[PDB]
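Below sits a lone chain in structure tokens, taken as the form deposited in one PDB entry.
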């Protein structure tokens, strides 16, 4: 790929500190040596006997993605078999990091977050791209209180596996149509991000998604049973009917009836006036006071 910078990222950036994990790779905070601007660098090591398809898909996803509510992609450096993905810096970290200090968010704060994530998802889905990993840990906040979607590692893995299973599909002349549809289209569509956002709205309201106490495998099994009920907000009178309805429609069980991102953006909870980053600046102020 000619877009890759074939040089050492330390040519341009002072590495400052490790910021955490992600779906794969280590993320570093760094500073532009010329402008003094801050960035984050997701470093992915490519070891000798490694399939790099997932990494290549991640770069492919980001190369054509330009939307304010998606963490900006500035490019990638390949050096000493390490790929450094350079991106926009969001100084406050993830919402999950934040609410573990501040406590649960207010309804207006959640409404701003949901509106901003929905704007990002509409753009992503308009590119036939899926996030598939929406949660508080993947919603980043910068010092201005603005909302950014991050970590496409899961998205990239899904696209690489789909391309791989397709390349190694062999002769499908005996294959049933439902198997073929799964091989080409994966078994679901972008509306899974709308459900995840509804669960995130509960997360931000209650500091954990439903059934977080339950073993992950057990949770998978419960969601596939006939009696599975979409979760609800635990405290009824704490939240408006608009918030309850938002949760109800985003958590529609059938994907055939789950509304799209663009449709959800006309929902009154996220289309109401007065939603601005200042609501999140207030949250960041709670952080600043222990």
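If you superpose the two forms and keep the largest set of C-alpha atoms that fall within 1.5 Å, you have the rigid core. Only residues modelled in both forms are compared. Residue numbers count along the first chain shown, from 1.
Quick note: we don't show the form deposited in another entry, though the next part is all about it.
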After a rigid core superposition, would you say the CA of residue 47 moves by 2 angstroms or more between the shown form and the other one, or not?
yes
Honestly, after the rigid core fit, is residue 21 moving at least 2 Å at Cα between the shown form and the other one?
yes
Between residue 24 and residue 138, do the C-alpha atoms lie closer or farther in the other entry than in the shown form, with a difference of 3 angstroms or more?
closer
Since the Cα separation of residue 22 and residue 191 moves by 3 Å or more in the other entry, tell me which way: closer or farther than here.
farther
Rigid-core superposition between the shown form and the other one, with residue runs of at least 3 whose C-alphas all shift by 2 Å or more:
20-25, 47-49
